[PDB]
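Heads up, the chain below is alone and in the form deposited without this ligand; it's given as structure tokens.
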């Protein structure tokens, strides 16, 4: 079990840790989060009480270093930092635990939700999408645009998701125009899987990361990326059986976790109706179709 201590909490803020969240009052004696499961990436995120504008946060993996949070009054946000002095860090954490000034990561034993949402997500791939090589953790916020959004402006602050574009020369073989547009298997299997992602685990990792940034930060370009990666699979007649089975599980847990009240903005009617009812894979996503129909029948 690992710990992310806080120097202090000078401004009133709602703090998220993965799918959990709690409110901290202005100058409340809060000194961090303990008992964080090792073996998974995590995200610690923030919404100030006075400016619900800009949700922001940090992806991290406690195996990669000792990280803490400290409010910066100049830049006006809670910043993640790495502590390189291991003994200073352990002494800080032990003091804060003794004084019981930390919240406990509140995982139910039965509960595999976070695993199921992050199964293929790896910190090393996160750090290639979010480029800031001097830190071991990655900042994301509501306003960051994607490389593809920038093509249609600050590149250092961009989400470098893999560009997917169904009407592109990358996606369409000369002479197979109709074939490749109507059946995207070539683009999925040769261009993206064999060529760019190398395997389906990396593809699923990026899909999962895009969903999580859409859900936790309302990041619009991340939602576009998530739906594009779903649509590319669903619009392919030829998909490995193991990928379809895994995709069904992935989407099931994403739809299960989505706040009911955010479905109007986070779910694209066209993609979902196409994927569940028109596409080649309309009959291949049984778990996802069943939860979508019972939880969001309006969308459909």
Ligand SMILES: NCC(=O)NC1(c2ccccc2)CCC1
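Numbering follows the first chain given and starts at 1.
Not pictured, yet referred to below: the form solved in complex with this ligand.
- Taking 158, 136, 189, 223 one by one, only a single residue has any non-hydrogen atom within 4.5 Å of this ligand in the entry with it bound, and it is 223.
- The contact residue chosen from 266, 62, 232, 239 relative to this ligand in the entry with it bound is 266, the criterion being a non-hydrogen atom within 4.5 angstroms.
- In the entry with it bound, no heavy atom of residue 185 sits within 4.5 Å of this ligand.
- Shown without its partner, the chain has no residue in segment 76 to 110 with a non-hydrogen atom within 4.5 angstroms of this ligand in the entry with it bound.
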